[PDB]
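Participant: Pasting an experimental structure, sequence included:
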Amino acid sequence: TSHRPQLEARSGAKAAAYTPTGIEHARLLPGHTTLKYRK
Amino acid sequence: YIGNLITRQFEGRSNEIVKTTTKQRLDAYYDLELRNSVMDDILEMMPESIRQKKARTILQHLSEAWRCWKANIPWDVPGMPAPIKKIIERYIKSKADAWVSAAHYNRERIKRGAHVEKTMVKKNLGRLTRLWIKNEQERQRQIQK
Amino acid sequence: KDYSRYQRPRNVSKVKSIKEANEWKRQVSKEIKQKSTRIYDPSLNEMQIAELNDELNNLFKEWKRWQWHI
Amino acid sequence: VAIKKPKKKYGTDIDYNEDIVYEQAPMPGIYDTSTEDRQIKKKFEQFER
Amino acid sequence: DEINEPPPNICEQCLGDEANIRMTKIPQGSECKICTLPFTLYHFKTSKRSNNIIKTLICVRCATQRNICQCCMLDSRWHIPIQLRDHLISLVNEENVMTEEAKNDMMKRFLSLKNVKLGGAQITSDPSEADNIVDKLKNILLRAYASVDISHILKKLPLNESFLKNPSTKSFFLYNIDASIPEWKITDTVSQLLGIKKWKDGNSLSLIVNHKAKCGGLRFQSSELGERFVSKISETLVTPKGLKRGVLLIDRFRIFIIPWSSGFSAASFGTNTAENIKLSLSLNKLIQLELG
RNA sequence: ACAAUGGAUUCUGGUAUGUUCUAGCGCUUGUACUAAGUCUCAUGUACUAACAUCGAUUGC
RNA sequence: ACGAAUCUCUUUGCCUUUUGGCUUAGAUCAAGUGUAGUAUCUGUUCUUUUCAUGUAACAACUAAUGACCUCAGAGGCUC
Ligand SMILES: [Zn+2]
Ligand SMILES: [Zn+2]
């Protein structure tokens, strides 16, 4: 066995109850900090 | 960098590691999305009383159809329901449009010399020889007809 | 405290000390436990129990020897 | 001599015998299952006796 | 919700008597003692000049489910421990109420995130449902080894001598001691009788009680205290052969005494637990022979 | 009548991995005889390199 | 050829231990010797380290155990 299809995907219900870590990712650094509004 | 290292010491690493898609696993994530779309469309055509067992067996006709496509063997299952056969042929042609177009795109990269992986050169060779014979076998049938 | 290099050891006379012998004695009881567990198995092969059975007679004889010295 | 437990492979590993695990209680109902619980407790203690 | 959190549950007697208290909030301080999951640690001091910081040990979810304060973990009403609270409600509803706690770290965290009350926390935090059970507490107050060779030992126990003034001894032999009646209660009753209170400073008396043999002995230093122990005991029982025995008088109990006239030591009563039980069984006849 | 000068190095590499290793007590029942260690060389065997091996001419 | 119940049996219904991904079918279908590394065993060389007859007279030993008594375990005595 040991090589299986998925019967269901991993839900975000499980990651929502966890405690956060607060680790600093390079793509979550501040950029494009001002929004543009249409006329 | 060191702030990520020291907080990973004091707190451990997070359990919510979501892996982004990559060149390494794009063929793996394509089939997971392709199997879910086939499993959705058949489960909605079903009248009633379909479980995790019957959804498990029908996805093996999806795999068998794509091996028959690559072999240029006609996939015809005796007793297959005509709505459900229509669904699989819709998604085998959908996967074939990605498989053939990736063979055209990567061929143009190998000619330019523009950073093709050593595995992909063996993979693009193996794709075109199926496309050449599929074009060869089709040309044989147009003379015979 | 180590003593792994030292035999069981079958000879007794060489170590005069008893407190050291306190450690040597466990060095034997442990094997008694391992093999003893190794005595009952689902297969229950005669050859494996049969060798273990001889080891049990050899150990019991050693217990007789330690008792005799005392 | 007591039976030894299988040692924890990780930190939050679970001993299933010690605790009823992620217990979900039956939803409260209007039918007052009070004597049924007494009889089931008496039969369970009788079984373990 | 991390931006909408309840105020902490603390007792009045943890906060104390003063009016304004400067309390320090740390938004993820220590982790809870019960659910092992982090919370807002509040800590404070009763007065400004105090010397003890009073921390909140548990989170507000574990404090709500048990209805206890976070600091001393006593019940918010009645101010009693949880083990005694769930026992008092057990005598009213005639069924066992109990808050049970998981030993498992995944099942300490699971049991806290549910919004139920545990144990007597349905009865408490409802004032109507708590006062009537106190009224139901009030009606309860309206009710308000034959094979052993013991013969080596009983030669050394006195058992044949009298409790008079005239012998001047240090040691005595206390028999008829129940399996209750703790060793401190017999030294306090003797020291109350002599007024030699705080006896453990000067070591005026030393007492050995077995609690299996139902027998004991108490040794005095300075033998002139022995006549004070004899003369301060008035009530005695005379066996119908003779041989009067004084009675120490622990509440509702009676403990007989005879001057040992030597030091008994430990092990006079017995040298094995199976052996000591037969000495209580030996005595039970002599008590019945002394009285009846 | 020509003065034109790019590079550069680290990391991810067959035993991996897995298990057991309670000494220090939780109350009640139940005087059976003498082989050291390290270093170097040689030979033998086993495993291993996911090592390598054919480049060219003749007197019946 | 219509039994109110039990068991056994036949046929429909149920399938009730009743194939759990991917890609270049994922890839291949091959003699000995030579060299390097590790481990085991044997041989040799070098160095280091472990002790000391008979008779007569005198002294010590066969400290520990048991019992009794005083003091708050020790001291004395006897066997
Ligand atoms: Zn908590
Ligand atoms: Zn409190």
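Facilitator: Done, it's in. Residues are numbered from 1 along each chain as shown, chains lettered A, B, ... in the order given. Ligands and ions are numbered 1, 2, ... in the order given.
Participant: Is there proximity between the lengthiest helix in chain B and RNA strand G?
Facilitator: Counting by DSSP state H, the longest helix found in chain B is helix B:82-112. Yes: Helix B:82-112 reaches RNA strand G (Cβ under 7 Å from any atom of the strand) through residue B:99. Placement of C-beta: from N, CA and C, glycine included.
Participant: Quick check: what element follows that helix along the chain?
Facilitator: Per DSSP states H and E, helix B:82-112 leads on to helix B:118-144 as the next helix or strand towards the C-terminus.
Participant: Just confirm yes or no for that following helix near RNA strand G.
Facilitator: Yes: residues of helix B:118-144 are located near RNA strand G by Cβ under 7 Å from any atom of the strand, namely B:119, B:122, B:123, B:126, B:127, B:130.
Participant: Which of the residues you listed ranks first by neighbour count?
Facilitator: residue B:127 (19 neighbours; other Cβ atoms under 10 Å in any protein chain shown).
Participant: who's in contact with that residue?
Facilitator: Listed by Cβ atoms under 8 Å, 6 or more residues apart in numbering or on different chains, the contact set of residue B:127 reads B:99, B:102, B:103.
Participant: neighbours of the last one, just the number please.
Facilitator: Using other Cβ under 10 Å, residue B:103 has 17 neighbouring residues.
Participant: is it true that residue B:7 touches residue A:20?
Facilitator: No: assessed by Cβ atoms under 8 Å, residue B:7 is found out of contact with residue A:20, at 11.2 Å.
Participant: ok, now which ones touch the closest residue to ligand 2 within the stretch 101-250 of chain E?
Facilitator: In the stretch 101-250 of chain E, the residue that lies nearest ligand 2 is residue E:124 (13.8 Å; Cβ to the ion). Contacts for residue E:124 (Cβ under 8 Å, 6+ apart) come out as E:67, E:75, E:76, E:77, E:78, E:85, E:130.
Participant: if we take the residues you listed, which one ends up nearest to residue E:8?
Facilitator: Residue E:8 has its nearest neighbour among the contacts of residue E:124 in residue E:76, at 11.8 Å by Cβ to Cβ.
Participant: so how far is chain D from that closest one?
Facilitator: 24 Å (Cβ to the nearest Cβ, to the nearest Å).
Participant: Chain A versus that residue, what's the distance?
Facilitator: Residue E:76 is 28 Å from chain A, by Cβ to the nearest Cβ.
Participant: what sits against that residue?
Facilitator: Contacts of residue E:76 by Cβ under 8 Å, 6+ apart are E:9, E:11, E:67, E:68, E:69, E:124, E:125.
Participant: Help me confirm that the last one comes into contact with residue E:77.
Facilitator: Yes: in this structure, residue E:125 is within contact of residue E:77 by Cβ under 8 Å, at 7.3 Å.
Participant: what do these two both touch?
Facilitator: residue E:67.
Participant: after the one helix or strand residue E:243 maps to comes which helix or strand?
Facilitator: In this assignment (DSSP H and E), residue E:243 forms part of strand E:242-248. Next helix or strand after strand E:242-248 toward the C-terminus (DSSP H and E): strand E:255-259.
Participant: From the contact counts, what lies against that following strand?
Facilitator: Here strand E:255-259 is seen to pack against strand E:171-175, strand E:242-248 when contacts are counted using 3 or more Cβ pairs under 8 Å, 6 or more residues apart in numbering or on different chains; DSSP states H and E.
Participant: Same list, the contacts of residue B:127, but as JSON lines with distance to residue E:28 please.
Facilitator: What follows is these, written out as JSON lines (distance: Cβ to Cβ, whole Å):
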{"residue": "B:99", "distance to residue E:28": "51"}
{"residue": "B:102", "distance to residue E:28": "49"}
{"residue": "B:103", "distance to residue E:28": "54"}
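Participant: Could you list which of those residues also contact chain D?
Facilitator: The subset of the contacts of residue B:127 within reach of chain D, by Cβ under 8 Å from any Cβ of the partner chain, is empty.
Participant: Which members of the contacts of residue E:76 occur in strands, if any?
Facilitator: The subset of the contacts of residue E:76 located in strands under the criterion DSSP state E is empty.
Participant: hang on, residue C:67 is in a helix, isn't it?
Facilitator: Yes: counting by DSSP: H, G, I helix; E, B strand; the rest coil, residue C:67 is found in a helix.
Participant: coming back round to it: show residues contacting the strand holding residue E:243.
Facilitator: Residues outside strand E:242-248 that contact it (Cβ under 8 Å, 6+ apart): E:160-164, E:174, E:186, E:189-190, E:230, E:233, E:235-239, E:254-258, E:290.
Participant: same check, this time on stretch E:218-229
Facilitator: Residues from elsewhere that reach stretch E:218-229, judged by Cβ under 8 Å, 6+ apart: E:165, E:168-172, E:174, E:186-187, E:190, E:193-194, E:196, E:203-208, E:259, E:263-264.
Participant: can you give me phi and psi for the most centrally placed residue in chain C?
Facilitator: For chain C, residue C:28 is the residue whose C-alpha lies nearest the centre (Cα atoms, centre = their mean; 3.7 Å). Phi and psi for residue C:28, reported as degrees, to the nearest 10, are phi -90, psi -40.
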